[PDB]
2 protein chains.
Amino acid sequence: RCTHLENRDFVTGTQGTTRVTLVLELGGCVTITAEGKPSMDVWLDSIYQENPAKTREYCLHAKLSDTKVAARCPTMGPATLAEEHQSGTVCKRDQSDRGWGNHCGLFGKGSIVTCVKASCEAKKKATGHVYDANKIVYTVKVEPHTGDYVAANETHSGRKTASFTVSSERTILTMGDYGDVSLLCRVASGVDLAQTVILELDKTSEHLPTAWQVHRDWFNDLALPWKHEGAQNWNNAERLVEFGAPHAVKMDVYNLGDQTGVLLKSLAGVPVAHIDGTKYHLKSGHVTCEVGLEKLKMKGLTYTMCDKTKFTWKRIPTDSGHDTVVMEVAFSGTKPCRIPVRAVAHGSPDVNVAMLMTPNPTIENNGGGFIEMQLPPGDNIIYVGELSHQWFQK
Amino acid sequence: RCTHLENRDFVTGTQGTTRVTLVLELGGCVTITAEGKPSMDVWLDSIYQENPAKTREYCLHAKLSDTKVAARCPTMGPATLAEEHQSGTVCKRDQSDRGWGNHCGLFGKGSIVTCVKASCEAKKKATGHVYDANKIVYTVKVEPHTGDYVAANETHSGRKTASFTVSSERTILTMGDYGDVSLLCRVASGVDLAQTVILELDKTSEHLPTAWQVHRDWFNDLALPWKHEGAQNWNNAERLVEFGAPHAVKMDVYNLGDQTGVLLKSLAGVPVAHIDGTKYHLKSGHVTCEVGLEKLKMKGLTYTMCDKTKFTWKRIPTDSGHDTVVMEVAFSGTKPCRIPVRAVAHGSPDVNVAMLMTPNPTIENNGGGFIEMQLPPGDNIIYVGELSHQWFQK
C-alpha cells in the first residue's frame, strides 16, 4: 500500500521546512521525509458519497403485451383505439391496402393504427446516481514509514485516518508516539458532479460488469425507454418497439430485444466504478493537502545500538521500484535497540553514502527492522552492523 | 390476389399474338387479355428451397465458467495453465504488479494468464442457410379473370399451378374448360445464392423477429463466436469475453452479454424473410415467362343473353385501382346466360365504349357476374342490359 503502489512520490526538505504541499490523486501514495523527523506516508484512499441521489432509470429489455389493432374503411374515417391517450404504450398509424375481399367497399387506402403496452422486464433496469460536492467524503490516511507495518491489508495502531467534506478540511492526527501530523485538504472533485453519474445494472448472475462513472450528458441521451424513481410507466417505450407494414388490417409489432450488449458496447473500455452498498466510489479525483509536521518526533533515539553481530538478513537488499533499496533484518539478542546501518562506495570506506527513508530504524518486541535506503550509483556495500551484502545501483 | 395486389400490369394483343413474354416479380400479378380469348391472370407466388444447407452457427450470448488464474514471480518464469492448448476457452496473458506483500521476492512485473471456458447459452444460436439454384423452386399460378373467383384465400378448380426448377421450365396447364395456357419460365434468382443466406433466431417467446434474407459476405464477418453444424465448441469465444486488469495475482473476466439487441440493430430495416419449416422463402427474385395462349377458348358463347331487366347491382361500378371499373351484379331468372354489358359516352348513344377485361361475362349456377371494364374519360353510363349506373373517369 506504498512500497507496492507504482504511483509513489517522495517529498524531502531542509529541516526548517514544516509545511509540505502535495496533491494526492487516488491510490497514488507520497512518502514525505525530512531532517530529524520520521518519514510518513500520506495518501488518498477513497472518494465517495453515501446514498447518492437516484436519477432516471433506463429499460434494457421491453415486455410487450396486448397488441391492439383498429382500422377504418378507405372513405369511412380515420381509425383510433384510444390507448394513444395512455402512456407506457407504443402506437403506429399506417394506411392499409383495402379492397372488397377485405370487408370494405371502395378500392383505396384505409387508415389503421395498432397500439401495444410496453413495460420493462424483471431486473433489466439501468440506474444512474448523481453526486453533490457538499455530501462527498475525501479520505486521506497517514502511516509512519518505519515498516514496523504488516502485509498489504492488516492495520496498525500508528496508521491513522482523516475524512474531509468540502465543509471541514482541518484535521490533526496522532501518530503512535511520533506526535502529530496536521492536515489541511482543499477538496477538488474533477467534473461538475452535476455532469457525472454512477451507472448501475442488476447483478445478472454472471461474470458481467455492474457499474461505471459516466458524464451526465451521454447518459441523458441514451437510446432507451425511461422513468424517474418507481413511476407509473415508461416514456420512450417506442425506442424498443418496431412495427411491420400492414398486411390487410393487421400490422405486426416487434421487440428490438435486449440492449445489455448494446450498452456494454457503448461502455467498451470505460472501466468499472466501485460500490459498498451505501458507499458510491468516484474513480477520478484528487485533493491537495498542506501536511503539517512541525510536531512529529523520532522513534525513541533513547535506545542503545544493537550488538553489531547478531543480525541475519530477513530480506536481501532488493531493488524497490521507486529508486531505493529495501531490506528486512532479524537481530536475535537483547530487545528494543536502535540499529547500526551504513553503506559505502568502493574507493572510500571512511564515508557513509546510505541516504535513509527509514531514519532511526529500531528493532522492537513484536518485531521490526525493514530498511529503505537510496545509494549513489556503482558497486556499494551495505552494512547492518557487521552483517553485510553487496549492492549495484543503475 | 390480383384486383387486390397494387403491383398489377396488363398485357394486351392483336388477336394474332399467341405468345406473350412477361417478367413476373414476386406478389406482383399480370392480367393478360387478348382478342377472342378469356383474360388470364398469371403471377409468381413463391420462391423457396426445401431443407436448404445449414452454414456456420453464431453465439448471441456466452455461458462463462471455470475462471482459471495462474501467475509466476517476476524473475521465476512466464506462467501457463495449459487450457490455452484447448478451444472454446478464452485466455489473456498480462504482467501483474508483484512485490513482497504478494508472496514474491523481487519487486517487478510477474507474468500471469487467466483462461475461462466459453459455451453458448440455451437457445441463443443464430443460424444461416444457403441456397442452391439447382434446388430452388419457382411457382407461377394461372387463374381465369372471369371473377367467378372467391375472396382473397379460397381456391378454385380452374385456378391451376406450375412449379419450375432451373432444370425443367416447360409446363402446359388445363384451365377449367377454357383449354390450355402453356408456360416457359427461364428462372432468374437475384444474387449468387452462394452470396445470400437466410438468417434465423430461436423463437424467444416474444413479438421479436425470427428471420432475414442477407448477403453471405456480411454474415460471415459478424462480430460473434461461431461453429459449423453441432461441433465440439466455439472459435472466437473471445468476441464475447473481456478481461479486467490484474490486481495482485487475480484478473477479472467479463461477459459482454447479449448480442440480440446488437444484431437486430445491424438488421434495422432489413425486412423479415418467411419460413414453413422445411420451406425457406426468398423475398427477392423474379422469373420470366413465355405464356402460350394459342389454345385458350371462350367461357361458352353457346348461351342466350340474360333477360335485360332481372339484374340488380351486387357492387356499384367502383374505381378499381389499376385504371379499370369493376362491378358485381345479381340476375334472378333462368340460369346459365351470357350477360349484356355496354356503356356509352354522353353525346353519343349508338356507340359502346366499354373495353372489357371480362370478355364473355356469364352468370353461372353457384353464382357469377363480376365485370371489369375500362372507359374513355368523362361522364359515361354503364348498362348491364337495362340496369344502369353513372360513371365519371379521371
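For this coordinate set, the PDB header names X-ray crystallography as the determination method and states a resolution of 3.200 Å.

**A word on the overall build of chain A**
Each helix and strand counted, chain A has two helices and 34 strands in total. Whereas a compact globule of 394 residues would reach a radius of gyration of roughly 21 Å, chain A reaches 34 Å, over 25% beyond that. Counting only C-alpha atoms and orienting by the principal axes, one finds that chain A spans roughly 115 × 40 × 35 Å. Looking at chain A as a whole, 48% of its 394 residues are labelled buried.

**Observations concerning the sheet that holds strand 16 (residues 185-188) of chain A**
Residues and elements named next belong to chain A. Strand order in this open sheet of three strands is 2-24-16, and the pairing throughout is antiparallel. Both outer strands of the open sheet, strand 2 (21-25) and strand 16, are each paired with one neighbouring strand and no more. The mean inter-strand angle of the sheet, taken between neighbouring strand axes irrespective of direction, is 20 degrees. Note: strand 16 against strand 24 (residues 286-290), four bridges, orientation antiparallel. Bridging across to strand 24, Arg 186 finds its partner in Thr 288.

**A word on the UniProt feature "disulfide bond" in chain A**
Residue and element names in this part refer to chain A. A sulfur-sulfur distance of 2.0 Å is found for the UniProt-listed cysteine pair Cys 2 and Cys 29, consistent with formation of the disulfide (criterion: under 2.5 Å). One end of the pair, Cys 2, is in the segment before strand 1 (8-13); the other, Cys 29, is in strand 3 (residues 29-34), and 27 residues separate them in sequence. Residue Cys 2 shares its accessibility class with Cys 29, and that shared class is buried. Structure remark: disulfide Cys 73/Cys 104 (UniProt) confirmed, S-S 2.1 Å. Of this pair, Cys 73 sits in the loop between strand 6 (62-71) and strand 7 (89-94) while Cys 104 sits in the loop between strand 8 (97-98) and strand 9 (108-109), and the two are 31 residues apart along the sequence. As far as burial versus exposure is concerned, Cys 73 and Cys 104 are alike and both buried.

**Section: the relation of the copies chain B and chain A**
In screw terms, the move from chain B to chain A is a rotation of 180 degrees and a rise of 0.0 Å along the axis, fitting with an RMSD of 0.0 Å. Those values place the two copies in the arrangement expected of a two-fold rotation axis. Taking C-alpha positions as reference, the residue of chain B nearest the rotation axis is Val 262 of chain B, located at 2.8 Å. Taken as a fraction of all interface residues of chain B, those also at the interface in chain A reach 100%, which identifies the copy contact as same-surface.

**What about the sheet that holds strand 7 of chain A?**
Residue and element names in this part refer to chain A. Strand order in the open sheet formed by three strands is 6-10-7, and the pairing between neighbours is antiparallel. Each having just a single partner strand, strand 6 and strand 7 make up the two edges of the open sheet. Direction aside, neighbouring strands of the sheet carry axes that sit 15 degrees apart on average. Here strand 6 pairs with strand 10 (residues 112-120) via eight bridges, running antiparallel.

**Quick look at the domain arrangement of chain A**
All names here are of chain A. By domain assignment, chain A separates into domain 1 (8-52 + 132-190 + 280-290), domain 2 (62-120 + 234-258) and domain 3 (311-393). Relative placement of domain 1 and domain 3: their C-alpha centres are 27 Å apart. With 10 residues of domain 1 in contact, the opposing surface of domain 3 contributes 12 residues. Carbon and sulfur atoms supply 50% of the area that domain 1 and domain 3 bury against each other, a total of about 840 Å² over both sides. When the area that domain 1 buries against domain 3 is broken down by residue, the three leading residues are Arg 8, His 145 and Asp 148, summing to 52%. At the boundary of domain 1 and domain 3, one finds one salt bridge. Here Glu 372 ties to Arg 8 by a salt bridge, and the two come within 2.8 Å at their closest N and O atoms. Applying the counting rule to domain 1 against domain 3 returns three residue pairs in polar contact. Along the lines of polarity and charge, the residues of the side of domain 1 that touches domain 3 split into three nonpolar, four polar and three charged.

Rules of the game
- Residues numbered from 1 in each chain as written, not as in the entry; some residues may be left out.
- Chains lettered and ligands numbered in written order.
- Heavy atoms only, no water.
- Helix = DSSP H or I, 4+ residues; strand = E, 2+ residues; numbered from the N terminus.
- Rg over C-alpha atoms; globule rule 2.2 N^0.38 Å.
- Buried < 20%, exposed > 50% of the residue type's maximum accessible area, 1.4 Å probe, protein only.
- Pairing = 2+ DSSP bridges.
- Axes fitted to C-alpha atoms, helices over the stretch in contact; angles between N-to-C directions.
- Disulfide = S-S within 2.5 Å.
- UniProt positions renumbered as here; feature names shortened; annotations may be inferred.
- Least-squares fit on C-alpha atoms.
- Contact = heavy atoms within 4.5 Å.
- Domains from an automatic or database assignment.
- Buried area = accessible area lost by both parts, 1.4 Å probe.
- Salt bridge = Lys/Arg side-chain N within 4 Å of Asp/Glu carboxyl O.
- Polar contact = N/O pair within 3.5 Å; in protein donor to acceptor, adjacent residues only side chain to side chain.
- Nonpolar A, V, L, I, M, F, W, Y, C, P; charged D, E, K, R; others polar.

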